[PDB]
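K.L.:
Fold the following, please.
(chains A, B, C and D, ligands or ions: 4)
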Amino acid sequence: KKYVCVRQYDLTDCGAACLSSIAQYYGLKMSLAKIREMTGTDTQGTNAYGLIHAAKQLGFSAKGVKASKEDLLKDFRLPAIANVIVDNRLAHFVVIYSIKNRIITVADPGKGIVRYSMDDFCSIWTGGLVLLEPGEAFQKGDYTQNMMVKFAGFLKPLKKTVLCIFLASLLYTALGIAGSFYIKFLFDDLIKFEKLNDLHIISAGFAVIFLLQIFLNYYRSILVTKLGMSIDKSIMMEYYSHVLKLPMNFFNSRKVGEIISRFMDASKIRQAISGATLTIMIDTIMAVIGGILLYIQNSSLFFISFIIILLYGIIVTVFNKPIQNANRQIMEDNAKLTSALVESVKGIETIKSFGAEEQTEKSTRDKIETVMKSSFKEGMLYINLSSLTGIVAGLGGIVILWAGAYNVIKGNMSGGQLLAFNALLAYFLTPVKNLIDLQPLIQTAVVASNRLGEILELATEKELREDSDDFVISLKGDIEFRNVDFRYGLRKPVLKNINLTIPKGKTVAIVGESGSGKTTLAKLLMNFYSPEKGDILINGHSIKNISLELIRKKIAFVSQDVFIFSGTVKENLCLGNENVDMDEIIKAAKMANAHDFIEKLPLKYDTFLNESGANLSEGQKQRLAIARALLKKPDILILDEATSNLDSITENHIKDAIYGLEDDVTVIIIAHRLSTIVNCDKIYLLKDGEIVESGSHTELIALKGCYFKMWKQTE
Amino acid sequence: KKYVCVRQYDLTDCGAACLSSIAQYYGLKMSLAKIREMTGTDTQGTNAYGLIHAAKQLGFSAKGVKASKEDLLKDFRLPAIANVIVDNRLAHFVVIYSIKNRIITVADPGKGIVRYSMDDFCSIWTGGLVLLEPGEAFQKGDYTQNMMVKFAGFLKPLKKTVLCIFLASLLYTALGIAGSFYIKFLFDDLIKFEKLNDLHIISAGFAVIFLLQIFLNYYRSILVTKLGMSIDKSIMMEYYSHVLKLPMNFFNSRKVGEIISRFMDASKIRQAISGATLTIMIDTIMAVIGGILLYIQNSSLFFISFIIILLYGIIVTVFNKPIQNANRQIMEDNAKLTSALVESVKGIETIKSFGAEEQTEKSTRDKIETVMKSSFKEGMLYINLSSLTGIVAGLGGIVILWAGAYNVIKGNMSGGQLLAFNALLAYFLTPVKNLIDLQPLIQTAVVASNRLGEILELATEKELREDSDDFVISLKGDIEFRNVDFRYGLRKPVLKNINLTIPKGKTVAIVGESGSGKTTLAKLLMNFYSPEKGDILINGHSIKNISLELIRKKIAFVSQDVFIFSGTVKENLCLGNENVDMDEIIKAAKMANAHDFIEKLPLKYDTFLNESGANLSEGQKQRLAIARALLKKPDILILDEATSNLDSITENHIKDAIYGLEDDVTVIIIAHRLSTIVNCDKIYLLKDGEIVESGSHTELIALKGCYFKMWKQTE
Amino acid sequence: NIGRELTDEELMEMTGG
Amino acid sequence: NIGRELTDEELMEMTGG
Ligand SMILES: Nc1ncnc2c1ncn2[C@@H]1O[C@H](COP(=O)(O)OP(=O)(O)OP(=O)(O)O)[C@@H](O)[C@H]1O
Ligand SMILES: Nc1ncnc2c1ncn2[C@@H]1O[C@H](COP(=O)(O)OP(=O)(O)OP(=O)(O)O)[C@@H](O)[C@H]1O
Ligand SMILES: [Mg+2]
Ligand SMILES: [Mg+2]
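P.N.:
Numbers count the residues shown, from 1 in each chain, chains lettered A, B, ... in the order given. Ligands and ions are numbered 1, 2, ... in the order given. Have a look at this structure:
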């Protein structure tokens, strides 16, 4: 059976790519992003437990077993997934297909199908074998929609522009044919007879056609530029609008550059969407008519031209793949030197302190030499390709003239038609050359469309959420966390079974160890994630029972790592909601202790916060976060690290402000230091993902439990 | 008198550029980086007091005066430095030259000389004018080296390669001339007279010439590639080696991207060092010989071709500048869009919490629309240039052929020579076209060389220090800081008059408020900077007396942030010093309470720490930093933030082991939390940029001062 | 099968990417 | 000169870049 491998779209897709390769070898074809969600892939990497779990829930019967040189006994099933190390640099996943004569075929998502021998492979992979068997529930079928037509459908409301471009190109070719034939009329009638008047008339009448050709080229350029800009803008709008609706697990699982690169990928998709279609559509017919005209001129010369373009196509086809291989290798080796430079510059203080200058300058030189070697390999390939193409083109040009002169010597055609044939050779060779050179563009574009359109098939938050706006008015009452178990992925459960009760109008202080889960609990409180079992009860109604928009609007969370957006401070304090008076901003600043330093700024409230507000101090950023939090007058106020920085009286001001609400709104404070949380009605002390002590300060002090022990630790 | 402006190399380089523009108007010409050093340029910007101080030191008499629409009264000297705000976005510096008829000439480093009107200018800049007057202490002169006469010196030891390339190009042109003249013999003798044998001989005799031409092209391309790669490697290595030895103020003043961009700048410099010189040297001679040959053929056609190439050069020259303006606009409008995307992706949690999705989608749309507008403007400029060039080329091709036909009819030349002239037209026009197109490359390359070569003229760390380490071979004794005043730049001094006495072999604790300077003092111990007033005495000798190598080797300083380099952990523990044994490493790991968790890694000491050890926890990062510091067994050990992460036992073990040193080494512990420093031998309380409390715990508590006042908390 | 199956805790130790 | 001499304190406020 045919061996199939799937190239990884990004870096950390080894497990998903291997699983997709197994599926497409056994028959199933699923979308790659869905498989990534199934496998629980994270930024650091993919655990084999997640891969096995995804295989089992997919329908495979999979097992992860150890192996030590036991790949010779017949007791095994193929293909099978293995883990390798790249000369002790970083882990990777490959899949072995068949071993025989101590020589093995393995698919590596990094490169493709790659040969290995027993000794080197055994010296590469340390240990581990994932065995997969098709189960009874395994159903073969295809689940991926062709996304190329999905992205090409944007051309449906733009038929007028492409029709005009096609007509202009047709007129361009028609006018160019006469310009090509001009030299034949010159050398056949206007020279052999000394008719100067006809020379003046014809030379002037065959020059305006070139001006019309230039005008057509101008019109084509304008139309193509407008079409390309429109398509790029539309694709970017769709992609960004869909990404902003994706759930939080998508953002947590991936990096930033992975999301950003799809913006540049829009141009690569558009190159096929706009350029390729028009190019092939006009060039096919123009090449056909040029070849027909050439056949009308002569047969042997047309055959010679066909032979030459055949050799050109063969050479391009045979040399195409090494070009991509070398380009990928250069892109891999020059992404390691740039990391060393940034790392060296960022840690220049330690480098100077320990005096590791010679080591650094020696290490960087080796990477630069490797980059230069890869670039020289690519240059070698390019020089070989260019030399062969030039040899073919020159030999064809010399052979054409020789054959034409020979035919004129016998006299199978007029002498002047050879020049016309040479002129038409450009019009015949350019379109077929473009068609031959279009293939790598098509391959890159289809890979790009598979990579980018993969995201658009994901499910947003609105679809997952049900409806609860029919009855809900606000988020007041008593909060129950009942049997809430949550996993931060496919790892050990960070949060355990809890019976948590937050009463009406009570200040709650959640305290625990640094490695314990406190911010995560607040995250589930606003429903950024979904618990696997258990429920969150508000007024006797579950999480499935509270409308999303209400949860977002009525809950204010101050993050541990505050983020200040670029722009005016006014836009920062009141974002999301508009039509708010300045009085609310003023009082938010007053109880946030922000009016004191904001007045010192050059502008009262129109000051522009550049570089994401890096000029302002951390305490000022905290004050801005607090002002934004109470600007929205939410039902649930969850503070995380507001008291991180204080001037020994600012915490007193903020505590007075929290005490000054005169409403039953609930405030939950995550606390690291214990002196801040005093005179608190309810305190929940958590160890090992479990709240142990539930009560006010006095009785739990009298209880003689871990709470007082932590005090014996902080004091 | 000529008005001159200086274009800024970096974003936050406005004040130094304006000062340089003033100097080059009054006569002086100083290096821009040195002016940046005098002006105290920082990442945020340059203060007006910095410009005044730089002018006074340089010799100018400078005064910063306020202004409120008073640019009409006389008795104020022009040019003058002004501060503007670009439609309430950011501050920037310009220089005003002349006032007349309510219309103003101002030089902006961003663009150049730009016109302004009274109302618009007065509505742009708020207030503040720096007036400069050439004083008696000002002498005009030029201090700027010609950068190129330094980078071209790298070509001196490679004369053989360039000589071979020149010979290959000359032979290439010589062989090409014969191929051009082939068509003349083809269409003059071989067709009029049916000499078939001679046709067969000549056709084969003009085919080997093209093969030799291809071989020469291959060889010359190989040589050019090798030469360019060698030049690039040499320039990059030299630049990196010089940068790695620069002082710490240079690194603190600038960002990372500013340092990194000069690496890619090497390619731009090489394109002039390698490509431009050889290019012009070969095209001059080939164009000369082609023009002489064409003049031998015919004069009228040569003059028409000269007119054609003159027109092409005129069009290129007139359209050069708007292309650069449009490119600069696209670059500046494309670096604003990527900023919004990055902050939106990173701060997606806040966007979801406040529900500001529609706002972000609307905001990004406008930025992308502006990007498309700029791209369309540049595309329209390209289309206009290409259309004009095509019109010129087509009209020239038509007129040359028509004039040749006219001459043939009149009888001024044979028919076949017209095709010879047409063929030689390429060899005549292509070198001149390359020469015309080379000018913007030369301009941008000389600008690039002035950008990169400016840093290389700076003075490194070794030169300033006194070369005399005799008297001391080890850093032991008594530490004394006498009235040490340090300024972090051109701001308020963070350190005031101080009198510090760190005794012989005493463990001391420096405590102070977060905004107080504690790490700066440790950096002063490490000699990263140079004190302005006062001195540092070590056992009766000063820092400037003792060699830098001993200070760097015998003093260890634990950084506030634990930076872990990418690579094996073994190299990280022992870097800078080699030939190091394993058992002291093991005892150091036990010393840092880190030997426990190393076994948990898959590999004992060969594990590679990917992503600068991002997988490792912060506590483990601190443990590795401590192990690295104490592997060096310094005479002076500076702990700063070791106790940041705690398990309630780790600091107990660290304190017990530090007490177990049995050596006269001096340990300085910087403390944020007060309970961490218990029963310490000496405690220095720092506030108001000075030491206030100097005593042991008991006497300071009994003193009833600021220290006991700070102990009102933590109880 | 081929060999003795590994435990889940040690199974988690296998990483990719 | 043109006007009253400016204090250093607000000169600290005057920034460029
Ligand atoms: N990528 C991750 N981001 C955050 N927490 C993570 C991540 N992966 C695993 N975790 C675990 O999830 C829990 C989150 O802890 P939480 O954020 O509530 O604590 P915290 O008091 O804010 O402290 P810290 O941020 O220093 O872990 C911890 O047990 C942590 O180890
Ligand atoms: N770019 C800068 N980098 C560092 N310090 C700066 C800078 N600009 C000004 N300073 C000042 O230099 C002094 C540095 O003392 P420093 O803050 O390093 O002590 P510290 O204990 O490290 O404080 P922290 O731990 O909060 O950084 C402070 O007055 C700080 O405001
Ligand atoms: Mg936290
Ligand atoms: Mg610090």
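K.L.:
Run a quick neighbour tally on the residue in the stretch 301-450 of chain A positioned nearest to ligand 4.
P.N.:
Nearest residue of the stretch 301-450 of chain A to ligand 4: residue A:349, at 12.5 Å (CB to the ion). The C-beta positions use only the backbone N, C-alpha and C, and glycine is treated the same way. Neighbourhood size, residue A:349 [other CB atoms under 10 Å in any protein chain shown]: 19.
K.L.:
Tell me how chain A divides into domains.
P.N.:
A:1-145, A:146-470, A:471-715 (curated CATH domains).
K.L.:
Mind putting those into a markdown table with distance to residue B:499?
P.N.:
Shown next, in a markdown table, are the domains of chain A (distance: least, CB to CB, whole Å):
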| stretch | distance to residue B:499 |
| --- | --- |
| domain A:1-145 | 51 |
| domain A:146-470 | 27 |
| domain A:471-715 | 28 |
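K.L.:
for those, which one sits closest to ligand 2?
P.N.:
domain A:471-715 (8.8 Å; CB to the nearest ligand atom).
K.L.:
at contact distance from ligand 2, anything in the closest one?
P.N.:
No. Using CB under 6 Å from any ligand atom, domain A:471-715 stays clear of ligand 2, with a minimum separation of 8.8 Å.
K.L.:
and that domain, anywhere near chain B?
P.N.:
Yes. Domain A:471-715 is in contact with chain B by CB under 8 Å from any CB of the partner chain, via A:514, A:526, A:528, A:549, A:552-553, A:555-557, A:559, A:563, A:565-566, A:575-576, A:603, A:606, A:608, A:610, A:612, A:615, A:628, A:632, A:645, A:648, A:675, A:713, A:715.
K.L.:
Filter these down to the ones in strands?
P.N.:
In this view, the residues of domain A:471-715 next to chain B that belong to strands under DSSP state E are A:555, A:556, A:557, A:608.
K.L.:
So which bits of the longest strand along chain A are buried?
P.N.:
In chain A, with assignment by DSSP E, the single longest strand is strand A:91-100. For strand A:91-100, burial by neighbour count (16 or more other CB atoms under 10 Å in any protein chain shown) applies to A:91, A:92, A:93, A:94, A:95, A:96, A:97, A:99.
K.L.:
likewise stretch A:29-40?
P.N.:
Buried residues in stretch A:29-40 (16+ other CB under 10 Å): A:30, A:31, A:32, A:33, A:34, A:35, A:36, A:37, A:38, A:39, A:40.
K.L.:
Equivalent analysis for stretch A:529-547, please.
P.N.:
A:529, A:531, A:534, A:536, A:537, A:538, A:543, A:545, A:546, A:547.
K.L.:
Can you tell me which helices and strands the lengthiest helix in chain A packs against?
P.N.:
Among the segments of chain A that qualify as a helix by DSSP state H, the longest is helix A:357-410. For helix A:357-410, the packing partners by 3 or more CB pairs under 8 Å, 6 or more residues apart in numbering or on different chains; DSSP states H and E come out as helix A:300-346, helix A:416-452, helix B:159-188, helix B:196-205, helix B:208-243.
K.L.:
could you check whether the last one is close to chain A?
P.N.:
This means helix B:208-243. Yes. Helix B:208-243 reaches chain A (CB under 8 Å from any CB) through B:210-211, B:214, B:217-218, B:221-222, B:225, B:229, B:232-233, B:236-237, B:240-241.
K.L.:
same for the following helix or strand past that helix, what does it pack against?
P.N.:
Per DSSP states H and E, the first helix or strand lying C-terminal to helix B:208-243 is helix B:248-253. Contact analysis of helix B:248-253 by 3+ CB pairs under 8 Å, 6+ apart lists helix A:348-354 as its packing neighbours.
K.L.:
Next up, the contacts around the spatially closest residue to residue A:513 that is not a sequence neighbour.
P.N.:
Closest residue in space to residue A:513, ignoring its immediate chain neighbours: residue A:687 at 6.6 Å, by CB to CB, 6 or more residues apart in numbering or on different chains. Taking CB atoms under 8 Å, 6 or more residues apart in numbering or on different chains, we find residue A:687 in contact with A:512, A:513, A:516, A:706.
K.L.:
Next up, identify which helix or strand the third one is on.
P.N.:
For residue A:516, there is no enclosing helix or strand under DSSP H and E.
K.L.:
separation between it and residue D:4?
P.N.:
Separation of residue A:516 from residue D:4 (CB to CB, to the nearest Å) stands at 62 Å.
K.L.:
what bridges to the residue nearest to residue A:513?
P.N.:
Legend: beta-bridge partners of residue A:687 under DSSP bridges are residue A:690.
K.L.:
Could you give the number of residues near residue A:475?
P.N.:
If we define neighbours as other CB under 10 Å, then residue A:475 has 20 of them.
K.L.:
check contacts around it.
P.N.:
Here residue A:475 is in contact with A:538, A:546, A:550, A:551, A:554, A:555, A:635, A:636 (CB under 8 Å, 6+ apart).
K.L.:
cool, and residue A:329?
P.N.:
So residue A:329 contacts A:374, A:377 (CB under 8 Å, 6+ apart).
K.L.:
Perfect, I'm done here.
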